[PDB]
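Chain residues, written in single-letter form:
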Amino acid sequence: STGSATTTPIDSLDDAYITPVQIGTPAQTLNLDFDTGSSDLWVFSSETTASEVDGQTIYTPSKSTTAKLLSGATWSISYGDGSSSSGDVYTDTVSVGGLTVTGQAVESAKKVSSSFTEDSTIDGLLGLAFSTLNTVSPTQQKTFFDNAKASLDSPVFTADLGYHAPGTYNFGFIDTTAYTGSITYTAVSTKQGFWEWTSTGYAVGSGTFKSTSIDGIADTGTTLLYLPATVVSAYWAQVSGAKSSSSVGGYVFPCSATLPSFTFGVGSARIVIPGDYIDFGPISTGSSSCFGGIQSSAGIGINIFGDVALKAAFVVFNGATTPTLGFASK
Ligand SMILES: CNCc1cc([N+](=O)[O-])ccc1Cl
């Protein structure tokens, strides 16, 4: 089997991407944030505290003839940005782009933190990291991809995120028309439950490539590119007037600037992020200070190849017995 679904930016900045997901019978379609940095499929629901729902579409398990309470199971997750959610668990039929999993754990939110409530466009998350990170207790549950894998034509999914435009998540096949050149594959460590890999270096603009190992995670659920402070300082030093602002929480730059590109290495291959992908717009409405799309990972504890980086590539998440990651230009 295969599936193919379009993923759409939630706003004009590509702050996140949403993908429609069918849950239950008859189908209830919710727009979920596909997150290769976590492993829970959770949704706003008829059980979510009413004051914490503000425009989201909710899953109502009592209206699904295939929903069954997973007795005794609960979940609770905290994300790297300080947001959180928790609740109980149903199993139900879940379909993405024509690919159907029966018995998928659907984690129903009883509580969500304020940043989820305030984002009316995101109805939940669909985790695509390794199932060892799934938070369901006392019986840990499998991700949608892990449940689908045995049925897929090939045990892979691909992320093809757009810049200020829709893109595609495919399951079970590699669309050879969706990228240019060849796909370069690189080793993955699953020890932390992430799609963790090692970039071979970077360049700023037209500058020379610096060969240096940069461990980090491929995370579709993170907006920006978080890299070591040395790398980030070298990037922003090429932008007149750019500075790290403690009050804003990262590097800002004059909105009048033209940003240089940023290149990262994948083995001997190179992925070029155009400068415009690094512009996240005014820090507040009407400001001439703009927020940068490359930020320091110092204090996060891990480097994160988020959407800023991934949207410059066609990315293969190869879930074979020994997982690997593939990157191609596009
Ligand atoms: C932006 N804070 C909530 C949030 C977190 C994530 N996350 O992947 O951690 C995704 C979407 C939202 Cl709306």
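Residues numbered from 1 in each chain as written, not as in the entry; some residues may be left out. Heavy atoms only, no water. Residues with missing side-chain atoms left out of burial classes, pairs and counts.

The record lists X-ray crystallography as the method behind this PDB entry and 1.299 Å as its resolution.

(A) The arrangement of the state of the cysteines in detail. Taken as a whole, this structure holds 1 disulfide when the rule is applied. For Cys255, the disulfide goes to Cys290, at an S-S distance of 2.0 Å. Since a negative S-S torsion denotes a left-handed disulfide, the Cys255-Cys290 link at about 105° is right-handed. Here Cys290 lies in strand β20 (residues 289–292) and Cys255 lies in the loop between β16 (250–254) and β17 (262–266), a separation of 35 residues in the sequence. The exposure class assigned to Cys255 is partly exposed, which follows from its relative accessible area of 26%. (Disulfide = S-S within 2.5 Å. Helix = DSSP H or I, 4+ residues; strand = E, 2+ residues; numbered from the N terminus. Buried < 20%, exposed > 50% of the residue type's maximum accessible area, 1.4 Å probe, protein only.)

(B) Region of interest: the site of the ligand. Taken together, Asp33, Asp35, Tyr79, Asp81, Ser83, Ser115, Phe116, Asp119, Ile122, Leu125 and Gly221 are the residues near the ligand. Separating a nitrogen atom of the ligand from a side-chain N or O atom of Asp81 is a distance of 2.8 Å. Measuring from an oxygen atom of the ligand, one finds a backbone N or O atom of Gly221 at 3.2 Å. Surface burial for the ligand is 80%, taken as the share of its 350 Å² of free accessible area covered by protein chains. When contributions to the shell around the ligand are tallied by element, the ones reaching two or more residues are β3 (28–35) and α1 (114–117). Split into classes, the residues belonging to the shell around the ligand amount to 4 nonpolar, 3 polar and 4 charged. (Near = heavy atom within 4 Å. Polar contact = N/O pair within 3.5 Å; in protein donor to acceptor, adjacent residues only side chain to side chain. Areas by Shrake-Rupley, 256 points an atom, 1.4 Å probe, with all protein chains shown as cover. Nonpolar A, V, L, I, M, F, W, Y, C, P; charged D, E, K, R; others polar.)

(C) Geometry of unusual backbone geometry. For the bond from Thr25 to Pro26, the omega torsion is -10°, close enough to zero to count as cis. Positionally, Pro26 belongs in the loop between β2 (17–23) and β3. Backbone torsion omega between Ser137 and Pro138 reads 5°, so that peptide bond is classified as cis. Along the polypeptide, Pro138 turns up in the loop between β8 (124–127) and α2 (144–148). Residues other than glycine seldom take positive phi values, yet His164 does so here, at roughly 50°. When you line up the elements, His164 lands in the loop between β9 (156–160) and β10 (167–171). By relative accessible area, which is 41% here, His164 ends up partly exposed.

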